[PDB]
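Notes follow once the structure below has been shown.
Side chains included, hydrogens not; waters and symmetry mates left out as well; all remaining heavy atoms used. Just so we're on the same page: letters track the sequence lines, and every chain starts at 1.
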Amino acid sequence: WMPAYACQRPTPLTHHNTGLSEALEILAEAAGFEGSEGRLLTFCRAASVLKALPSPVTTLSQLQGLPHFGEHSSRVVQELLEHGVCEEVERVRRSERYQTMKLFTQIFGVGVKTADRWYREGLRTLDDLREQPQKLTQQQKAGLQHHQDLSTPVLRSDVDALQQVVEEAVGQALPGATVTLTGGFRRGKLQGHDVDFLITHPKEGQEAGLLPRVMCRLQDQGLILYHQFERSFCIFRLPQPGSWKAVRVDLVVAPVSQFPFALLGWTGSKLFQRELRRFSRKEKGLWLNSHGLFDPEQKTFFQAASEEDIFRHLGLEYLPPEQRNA
DNA sequence: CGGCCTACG
DNA sequence: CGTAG
DNA sequence: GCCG
Ligand SMILES: [Cl-]
Ligand SMILES: [Mg+2]
Ligand SMILES: [Mg+2]
Ligand code: NA
């Protein structure tokens with residue numbers, strides 16, 4: 001009744017198993033901090049299955065036959081059903097390793113490998129990192145300076161104001177170019193921790209060279225607190241009553257021939273896209289990325305004019321963005 | 001057992 | 001190494 | 001950690 005890949009089922013943003021999924025996601029996150037990508041994937045997939053169920057799990061019986069529920073994930077759910085807490089989850093939550101790796105990897109410019117090295121060196125707090133700035137890249141310095149603002153979610157209201165400023169710069173850089181909101185906000189989130197925009201132009205080729213022209217214009221408007229092509233990972237100044245705050249914004253350019261693939265990829269969720277690419281390759285023998293869908297036997301790229309085309313190519317029922325919250 | 005998404009900066 | 005979803 |  002429940003298919004094995006997340007791209008085969010609808011997953012809404014809000015659901016009926018929030019506490020269970022959150023606990024499994026703690027274990028997934030902790031597996032990532034230890035470099036166990038396989039365990040991370042299993043716990044993420046198990047959490048996602050619960051998000052896709054039509055009602056709450058109330059009894060252990062109800063996990064029988066669900067994909068990605070084995071001894072370990074079932075025990076976690078069992079303990080939550082019986083006691084309201086899972087001892088393993090709570091031990092992770094309180095652990096110095098989990099808490100420090102979570103804090104450090106939240107910094108823009110710091111991944112698991114850097115966080116782990118700092119942890120092994122004995123560093124534990126952001127102020128520890130600030131006291132050794134020669135150990136930091138320019139990107140990490142910006143991430144550390146702006147960390148407090150970047151830790152506070154932005155609202156859809158904020159997103160709409162940002163989009164107008166990006167559109168103004170894009171229109172000067174290339175008249176006729178368009179700006180599409182992607183990421184979690186396109187999946188229906190009312191808040192989120194960064195904003196993603198996808199930029200194209202209806203005449204194939206006209207988008208070449210566009211992103212530098214857009215960045216220069218936003219920089220000259222004083223809106224860019226940090227930037228480093230077709231992807232730009234920025235920190236922008238967002239107005240606030242009587243002041244402003246830093247916000248992470250990603251800007252991506254695609255040619256219109258690739259736009260449906262880029263839209264699909266950048267709309268996420270992350271798990272949904274990994275699952276969709278896995279399904280494409282393993283079940284259909286086709287290779288998917290944010291630029292296209294390749295048949296390696298015929299050595300040809302599928303043309304798509306819409307996300308609907310891509311789901312059809314892959315033999316999957318169409319899911320709107322709001323149902324891609326795997 | 002092998003596999004676990006696939007890119008760009 | 002970082003970033004993205 | 002789980003699936004095929
Ligand atoms: Cl693993
Ligand atoms: Mg996002
Ligand atoms: Mg983003
Ligand atoms: Na980070």
If you check the [X] side chain, which of [options] turns out closest?
{"X": "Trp266(A)", "options": "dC2(D), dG5(C), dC5(B)", "answer": "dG5(C)"}
{"X": "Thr114(A)", "options": "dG5(C), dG2(C), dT3(C)", "answer": "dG2(C)"}
{"X": "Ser73(A)", "options": "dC2(D), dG2(C), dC8(B)", "answer": "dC2(D)"}
{"X": "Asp250(A)", "options": "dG1(D), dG5(C), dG9(B)", "answer": "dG5(C)"}
{"X": "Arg274(A)", "options": "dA7(B), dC5(B), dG5(C)", "answer": "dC5(B)"}

Does one hydrophobic cluster hold both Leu24(A) and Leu40(A), with members joined at side-chain heavy-atom distances below 4.5 Å?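 No, separate clusters.
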Does [X] place a side-chain N or O at less than 4.0 Å from the phosphate oxygens OP1/OP2 of [N]?
{"X": "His291(A)", "N": "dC8(B)", "result": "yes"}
{"X": "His68(A)", "N": "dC2(D)", "result": "no"}
{"X": "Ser290(A)", "N": "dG5(C)", "result": "no"}
{"X": "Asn289(A)", "N": "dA7(B)", "result": "yes"}
{"X": "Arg39(A)", "N": "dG1(D)", "result": "yes"}

Side chains of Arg124(A) and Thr100(A): donor-acceptor distance under 3.5 Å anywhere?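 Judged by distance alone, the side chains do not pair up.
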With distance as the sole criterion, is a donor-acceptor pair present between the side chains of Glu204(A) and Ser257(A) under 3.5 Å?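 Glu204(A) vs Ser257(A): donor-acceptor pair found between side chains.
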For atom [atom1] of [X] and atom [atom2] of [N], their distance in whole Å:
{"X": "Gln273(A)", "N": "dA4(C)", "atom1": "CD", "atom2": "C1'", "answer": "11 Å"}
{"X": "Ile107(A)", "N": "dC1(C)", "atom1": "CD1", "atom2": "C1'", "answer": "15 Å"}
{"X": "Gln139(A)", "N": "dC8(B)", "atom1": "CD", "atom2": "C1'", "answer": "13 Å"}
{"X": "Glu37(A)", "N": "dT6(B)", "atom1": "CD", "atom2": "P", "answer": "13 Å"}
{"X": "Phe261(A)", "N": "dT6(B)", "atom1": "CZ", "atom2": "P", "answer": "15 Å"}
{"X": "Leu66(A)", "N": "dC2(D)", "atom1": "CG", "atom2": "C1'", "answer": "13 Å"}
{"X": "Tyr5(A)", "N": "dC4(B)", "atom1": "OH", "atom2": "P", "answer": "10 Å"}
{"X": "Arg281(A)", "N": "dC4(B)", "atom1": "CZ", "atom2": "P", "answer": "7 Å"}

Considering every strand and a 4.0 Å limit on heavy-atom distances, what is the contact class for [X]: base, sugar-phosphate, or nothing?
{"X": "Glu230(A)", "result": "sugar-phosphate"}
{"X": "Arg186(A)", "result": "nothing"}
{"X": "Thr267(A)", "result": "sugar-phosphate"}
{"X": "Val252(A)", "result": "nothing"}
{"X": "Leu288(A)", "result": "sugar-phosphate"}
{"X": "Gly111(A)", "result": "sugar-phosphate"}

Which pairs with one or both residues in residues 47-57 of chain A pass side-chain hydrogen bond (donor to acceptor under 3.5 Å, both in side chains), sequence neighbours excluded?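 Every side-chain hydrogen bond (donor to acceptor under 3.5 Å, both in side chains) pair that includes a residue of residues 47-57 of chain A, provided the two are not neighbours, is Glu25(A)-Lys51(A).
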Working note: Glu34(A) + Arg39(A), criterion salt bridge (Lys or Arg N to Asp or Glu O under 4.0 Å); need CA distance, chi angles, decisive distance, verdict. CA-CA 10 Å; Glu34(A) 305 312 306; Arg39(A) 293 172 158 74; over 6 Å; no
Give a yes or no on whether a salt bridge exists between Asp116(A) and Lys113(A), defined as a side-chain N under 4.0 angstrom from a carboxylate O.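 No salt bridge links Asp116(A) with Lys113(A).
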Please tabulate, one pair per line, each protein N/O and nucleotide N/O from nucleotides 1-3 of chain B that are separated by under 3.5 Å, including the distance.
{"unit_1": "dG3(B)", "atom_1": "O3'", "unit_2": "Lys282(A)", "atom_2": "NZ", "d": "3.3"}

Is the distance between the ring centroids of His227(A) and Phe233(A) under 6.0 Å?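 No, the ring of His227(A) stays outside the 6.0 Å limit from the ring of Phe233(A), centre to centre.
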Under-3.5 Å donor-acceptor pair between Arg277(A) side chain and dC5(B) base: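 Yes, the side chain and the base share a sub-3.5 Å donor-acceptor pair.
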Tell me, please, whether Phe33(A) has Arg97(A) positioned over its six-membered ring: NZ or CZ under 6.0 Å from the ring centre and within 45 degrees of its axis?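 Cation-pi check for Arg97(A) and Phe33(A): fails.
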Return the set of residues passing ring pair (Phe, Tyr, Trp, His ring centres under 6.0 Å) with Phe104(A) (not counting sequence neighbours), or none when no residue passes.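 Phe104(A): ring pair (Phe, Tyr, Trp, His ring centres under 6.0 Å) contacts with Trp118(A).
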